[PDB]
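Remarks on the structure that follows.
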Amino acid sequence: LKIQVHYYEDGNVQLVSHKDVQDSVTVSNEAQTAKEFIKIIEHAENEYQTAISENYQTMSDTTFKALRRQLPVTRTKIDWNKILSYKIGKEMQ
Amino acid sequence: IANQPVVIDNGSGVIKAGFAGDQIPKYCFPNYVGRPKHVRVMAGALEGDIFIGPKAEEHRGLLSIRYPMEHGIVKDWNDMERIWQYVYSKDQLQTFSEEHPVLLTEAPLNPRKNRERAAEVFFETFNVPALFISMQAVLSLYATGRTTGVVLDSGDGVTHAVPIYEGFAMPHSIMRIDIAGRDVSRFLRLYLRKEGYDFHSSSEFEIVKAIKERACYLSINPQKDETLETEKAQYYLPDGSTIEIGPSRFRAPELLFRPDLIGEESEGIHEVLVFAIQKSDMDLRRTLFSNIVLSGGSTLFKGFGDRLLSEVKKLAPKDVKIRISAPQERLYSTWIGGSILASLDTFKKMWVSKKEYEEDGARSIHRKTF
Amino acid sequence: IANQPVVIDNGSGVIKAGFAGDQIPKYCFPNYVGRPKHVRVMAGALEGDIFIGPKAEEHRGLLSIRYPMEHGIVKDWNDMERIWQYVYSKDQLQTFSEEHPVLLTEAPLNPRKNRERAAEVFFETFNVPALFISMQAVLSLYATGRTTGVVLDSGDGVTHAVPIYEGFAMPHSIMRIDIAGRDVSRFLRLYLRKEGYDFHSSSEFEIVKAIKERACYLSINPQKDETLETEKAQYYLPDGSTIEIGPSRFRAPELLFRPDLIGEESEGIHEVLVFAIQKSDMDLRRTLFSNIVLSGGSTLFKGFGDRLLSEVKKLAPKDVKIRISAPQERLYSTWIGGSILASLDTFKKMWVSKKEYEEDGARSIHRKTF
Ligand SMILES: Nc1ncnc2c1ncn2[C@@H]1O[C@H](COP(=O)(O)OP(=O)(O)O)[C@@H](O)[C@H]1O
Ligand SMILES: Nc1ncnc2c1ncn2[C@@H]1O[C@H](COP(=O)(O)OP(=O)(O)O)[C@@H](O)[C@H]1O
Ligand SMILES: [Mg+2]
Ligand SMILES: [Mg+2]
């Protein structure tokens, strides 16, 4: 399964997603086997799309946080006067 | 340019003063003003209507005791001026106030007017070259030597858990309650009254405080010790009489962990610590739990560390290591931190200069402290 | 059933209730459960240990308050059940749950289990004939006689920007943040603490909420009023004493436009609105910018409209018309929309039967909803 999305309104974003699935079935009747096959398609694609939606939901919390945090660990905006005037304050250890 | 800065940790219970660089505060004395309440009749009696320091302790039965601070907030500013004058007198620090920068300490989440009036007093009355109103918890952590942790400072007037990350106190995770050692001693006075031993006088409140400091402990299991028969340890009063304490010995320091014993709907000390930890970032919670530093006088109760560790383990998540550090210099940890901070050359860049206060006023301390 | 249906808007702060078709909800009361915290000694004290509605306000100081909903999420379900039976009690809306269908209003983007448990409670504990769950913002747009526009509903627990086009709310363009009027009241409590006024009690939190409602405003420019020393306006507490509020008047509601003032990693309310508008296709954006409808109690701050207009203009594309509409019935607009929706005979086809819920379960109630 492959998904490719591009969106470029006053910016640029390119999602490229890929999934590989493996399953087994039993061959008894052609109509029954086809129905079982389509049920497997249903389950696989539904779980894949719901997984993509969940991955988007947990983007800001965990996935995106590995690159840049929304706020510092102190949970307050940097006091630039403080950092400029005073040293880091870790001189003692 | 000025002389070596003077560190003044002004607690609600005892003020601790000295010069920056000393290993310990050399000038510690209780934070109250004693005034004689009896009739002076003969020439040669004690001189002066204001007794502060060891002169107040020597003649303690002669004086009505007044506490200027209450819950870390100065209620009587004339008495505070008298006490800070005594800090500079010939008995303490032997120096003029116009020569030494001051590093005053203030409890977190205090009223703004308290800090403003303190700076006004220190710049106008005492004419200090410079001033720096610090916060007690971050200084205590500096004294410990660590840079990240949680300081659970429990003093005479106010107890508070402050988490610090790399030396910066996170201001949105500070937890504070006003139940502290003085509240525990008032509760002890109430229980001693319920045991027949009644104290009214402000001078006898110091006897109650001594009873708290001498014979009181925290039981690991309050309900188990509650149901058992008491031992009734006997305490010798200053006049030579004896009193049997019994159940009040351990239910008095219980107030720290259960403020509802006096009808306050406020968090306990363990709840203060755990809520300060859990209000912080999810990333820091493990290292904050692994770094807890006790401070202040009220943390010296027998069995305090084990009881707090048990409570925090009850409230904390599993698979999280908890390490409550209880250094020997708990009383003077915050002063030692102020001394360490004031020794650095960076402290020159931290204080509000006299000219800065003259040209700006309260705004200078408001930007420089935060 | 031919009997009249009842609309219930269970907000985090205030719960509106009333028979559909009325122009106003006559049975709005605060959404908390009060329990007495003092010990009853006489024979003839207040019977019952649960106090909901105007009785809880009459005996407020006697009770400890507990809020069952937080950020639009039901934390305590027993208290929610108690409140929902109180809605049917003889004090307010004297009727039976079996006789009237229920139009419940719920916050958007809530967890699945919340809707599931709400349906279970309304179908099993209450033998309700017919339940329909809706949103709070789409109803608020129904109230003001429109079908296209963006509703900025800012209540007590949660504040969300919802763009609706031709009645159907766009589920993908919903924006939601958890900072709301309750967080502003907590921030005001902290600031009042910083003026020398402690309100740690649960019943005093309601006094802090009243101070928020009656004396607060949003400054047009944040830094301008932040630097300027504001005149101290005095507020009268219930006991009769007075408190000088001061800068906390304007610093408190500023949380709405700057969530970082309490260390919340979320967007401001103006950013939420502009992102909700810009999350839709551009052809509708110019119409959405014009049709902005405020809703919920927290939008009633003195000067909220002007500051929101300034911030949205600062963020929105230039040369785009922006018009903020502020209906006078902002508190009850969601209930008015619920009444309008219930008045339609199509509502007869929108509810879920008891047999339908027994057969299918949560599948039926969730396929019936949007
Ligand atoms: N060994 C002890 N056991 C119990 N309480 C003590 C002990 N020593 C001091 N205290 C209490 O601690 C208080 C002083 O604590 P301190 O850290 O000086 O407070 P502050 O921060 O206000 O200076 C006093 O009120 C006293 O009752
Ligand atoms: N004039 C006002 N100014 C500021 N806040 C207000 C005012 N009136 C009500 N509020 C706040 O709005 C909240 C109620 O809003 P409401 O729309 O009822 O929320 P919900 O939808 O969650 O019930 C209360 O918490 C209250 O503090
Ligand atoms: Mg101290
Ligand atoms: Mg609402």
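Just remember, in the structure tokens the first chain shown is A, the second B, etc., residues are 1-based per chain, and ligands are 1-based in the order shown.
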
Surroundings of ligand 3 up to 8 Å, based on only C-alpha atoms and all ligand atoms, as JSON, numbers by chain: {"B": [9, 10, 11, 12, 105, 107, 136, 153, 154, 155, 156, 295, 296, 297, 331, 332, 334, 335]}

Those same residues - N, CA, C and O atoms - I'd like them written as a PDB file, in the first residue's frame.
ATOM      1  N   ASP B   9      19.407  35.339  55.335  1.00  0.00           N
ATOM      2  CA  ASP B   9      18.245  34.476  55.177  1.00  0.00           C
ATOM      3  C   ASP B   9      17.283  34.787  56.314  1.00  0.00           C
ATOM      4  O   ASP B   9      17.475  34.321  57.442  1.00  0.00           O
ATOM      5  N   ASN B  10      16.265  35.589  56.024  1.00  0.00           N
ATOM      6  CA  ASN B  10      15.284  36.002  57.026  1.00  0.00           C
ATOM      7  C   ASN B  10      14.094  35.057  56.921  1.00  0.00           C
ATOM      8  O   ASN B  10      13.198  35.244  56.094  1.00  0.00           O
ATOM      9  N   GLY B  11      14.098  34.025  57.757  1.00  0.00           N
ATOM     10  CA  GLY B  11      12.967  33.138  57.867  1.00  0.00           C
ATOM     11  C   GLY B  11      11.902  33.710  58.776  1.00  0.00           C
ATOM     12  O   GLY B  11      12.069  34.750  59.406  1.00  0.00           O
ATOM     13  N   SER B  12      10.776  33.003  58.837  1.00  0.00           N
ATOM     14  CA  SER B  12       9.727  33.399  59.763  1.00  0.00           C
ATOM     15  C   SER B  12      10.108  33.077  61.201  1.00  0.00           C
ATOM     16  O   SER B  12       9.693  33.788  62.123  1.00  0.00           O
ATOM     17  N   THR B 105      16.590  36.828  51.180  1.00  0.00           N
ATOM     18  CA  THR B 105      15.846  35.676  50.691  1.00  0.00           C
ATOM     19  C   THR B 105      14.364  35.879  50.972  1.00  0.00           C
ATOM     20  O   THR B 105      13.991  36.492  51.975  1.00  0.00           O
ATOM     21  N   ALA B 107      10.387  33.775  50.443  1.00  0.00           N
ATOM     22  CA  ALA B 107       9.739  32.522  50.105  1.00  0.00           C
ATOM     23  C   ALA B 107       8.966  32.673  48.793  1.00  0.00           C
ATOM     24  O   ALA B 107       8.534  33.776  48.446  1.00  0.00           O
ATOM     25  N   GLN B 136      14.460  30.904  48.339  1.00  0.00           N
ATOM     26  CA  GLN B 136      15.159  30.021  49.266  1.00  0.00           C
ATOM     27  C   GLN B 136      15.472  28.663  48.649  1.00  0.00           C
ATOM     28  O   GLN B 136      16.565  28.122  48.859  1.00  0.00           O
ATOM     29  N   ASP B 153      11.324  22.624  50.905  1.00  0.00           N
ATOM     30  CA  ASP B 153      11.748  23.428  52.042  1.00  0.00           C
ATOM     31  C   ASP B 153      10.563  23.615  52.977  1.00  0.00           C
ATOM     32  O   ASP B 153       9.542  24.178  52.574  1.00  0.00           O
ATOM     33  N   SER B 154      10.697  23.122  54.209  1.00  0.00           N
ATOM     34  CA  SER B 154       9.622  23.270  55.223  1.00  0.00           C
ATOM     35  C   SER B 154      10.158  24.074  56.403  1.00  0.00           C
ATOM     36  O   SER B 154      10.852  23.490  57.241  1.00  0.00           O
ATOM     37  N   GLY B 155       9.876  25.373  56.440  1.00  0.00           N
ATOM     38  CA  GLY B 155      10.403  26.242  57.506  1.00  0.00           C
ATOM     39  C   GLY B 155       9.423  26.469  58.637  1.00  0.00           C
ATOM     40  O   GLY B 155       8.528  25.642  58.802  1.00  0.00           O
ATOM     41  N   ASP B 156       9.662  27.492  59.458  1.00  0.00           N
ATOM     42  CA  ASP B 156       8.724  27.866  60.547  1.00  0.00           C
ATOM     43  C   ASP B 156       7.410  28.407  59.991  1.00  0.00           C
ATOM     44  O   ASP B 156       6.358  28.076  60.554  1.00  0.00           O
ATOM     45  N   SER B 295      14.889  20.513  53.192  1.00  0.00           N
ATOM     46  CA  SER B 295      15.470  21.743  53.703  1.00  0.00           C
ATOM     47  C   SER B 295      14.545  22.311  54.765  1.00  0.00           C
ATOM     48  O   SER B 295      13.396  21.888  54.906  1.00  0.00           O
ATOM     49  N   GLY B 296      15.063  23.270  55.521  1.00  0.00           N
ATOM     50  CA  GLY B 296      14.296  23.923  56.556  1.00  0.00           C
ATOM     51  C   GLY B 296      14.300  23.149  57.860  1.00  0.00           C
ATOM     52  O   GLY B 296      14.716  21.993  57.943  1.00  0.00           O
ATOM     53  N   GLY B 297      13.815  23.818  58.906  1.00  0.00           N
ATOM     54  CA  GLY B 297      13.846  23.236  60.234  1.00  0.00           C
ATOM     55  C   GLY B 297      12.818  22.158  60.479  1.00  0.00           C
ATOM     56  O   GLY B 297      13.103  21.203  61.205  1.00  0.00           O
ATOM     57  N   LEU B 331      19.210  23.161  58.267  1.00  0.00           N
ATOM     58  CA  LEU B 331      18.834  24.472  58.783  1.00  0.00           C
ATOM     59  C   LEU B 331      19.503  25.592  57.998  1.00  0.00           C
ATOM     60  O   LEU B 331      18.867  26.606  57.690  1.00  0.00           O
ATOM     61  N   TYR B 332      20.781  25.420  57.660  1.00  0.00           N
ATOM     62  CA  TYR B 332      21.585  26.452  57.016  1.00  0.00           C
ATOM     63  C   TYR B 332      21.847  26.163  55.543  1.00  0.00           C
ATOM     64  O   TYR B 332      22.763  26.748  54.961  1.00  0.00           O
ATOM     65  N   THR B 334      19.926  26.861  52.892  1.00  0.00           N
ATOM     66  CA  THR B 334      19.595  28.015  52.059  1.00  0.00           C
ATOM     67  C   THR B 334      20.576  29.162  52.282  1.00  0.00           C
ATOM     68  O   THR B 334      20.932  29.874  51.335  1.00  0.00           O
ATOM     69  N   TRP B 335      21.046  29.349  53.516  1.00  0.00           N
ATOM     70  CA  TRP B 335      22.058  30.374  53.740  1.00  0.00           C
ATOM     71  C   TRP B 335      23.367  30.005  53.060  1.00  0.00           C
ATOM     72  O   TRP B 335      24.056  30.871  52.514  1.00  0.00           O
TER      73      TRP B 335
END

From a DSSP calculation on the backbone, collect every residue of segment 88-289 of chain C in strand (DSSP E or B) and output the set as a PyMOL selection string. chain C and resi 102-105+130-134+148-154+159-165+168-169+175-177+217+234-236+242-244

*asked:* Using only C-alpha atoms, I'd like every residue of chain C that has an atom within 10 Å of chain B; please write them out as a list in words.
replied: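 Output check: residues 37, 38, 64, 190, 191, 192, 193, 194, 195, 196, 197, 198, 200, 201, 202, 203, 227, 260, 261, 262, 263 and 264 of chain C.
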
For chain A, the closest of B:141, B:316, B:218, B:237 counting only C-alpha atoms is B:141

Which residues are near residue 77 of chain C? Cut-off 12 Å, only C-alpha atoms, ignore same chain within fewer than 3 positions. Put them as a PDB file with C-alpha atoms, in the first residue's frame.
ATOM      1  CA  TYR C  32     -20.528  20.796  40.902  1.00  0.00           C
ATOM      2  CA  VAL C  33     -21.380  18.561  43.854  1.00  0.00           C
ATOM      3  CA  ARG C  66     -16.053  18.880  43.719  1.00  0.00           C
ATOM      4  CA  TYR C  67     -16.307  19.367  39.956  1.00  0.00           C
ATOM      5  CA  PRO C  68     -17.263  16.166  38.048  1.00  0.00           C
ATOM      6  CA  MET C  69     -16.210  17.527  34.632  1.00  0.00           C
ATOM      7  CA  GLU C  70     -12.722  18.806  33.813  1.00  0.00           C
ATOM      8  CA  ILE C  73     -14.241  15.256  30.201  1.00  0.00           C
ATOM      9  CA  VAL C  74     -16.292  13.594  32.938  1.00  0.00           C
ATOM     10  CA  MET C  80     -22.398  13.346  37.041  1.00  0.00           C
ATOM     11  CA  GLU C  81     -25.175  10.812  37.622  1.00  0.00           C
ATOM     12  CA  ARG C  82     -26.190  12.660  40.792  1.00  0.00           C
ATOM     13  CA  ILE C  83     -26.342  15.976  38.934  1.00  0.00           C
ATOM     14  CA  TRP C  84     -28.352  14.508  36.059  1.00  0.00           C
ATOM     15  CA  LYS C 113     -15.724   6.179  26.038  1.00  0.00           C
ATOM     16  CA  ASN C 114     -17.277   9.428  27.271  1.00  0.00           C
ATOM     17  CA  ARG C 117     -20.792   5.924  29.132  1.00  0.00           C
ATOM     18  CA  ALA C 118     -23.115   8.922  28.783  1.00  0.00           C
ATOM     19  CA  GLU C 120     -25.217   3.913  29.010  1.00  0.00           C
ATOM     20  CA  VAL C 121     -26.055   6.138  31.989  1.00  0.00           C
ATOM     21  CA  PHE C 122     -28.961   7.818  30.215  1.00  0.00           C
TER      22      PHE C 122
END
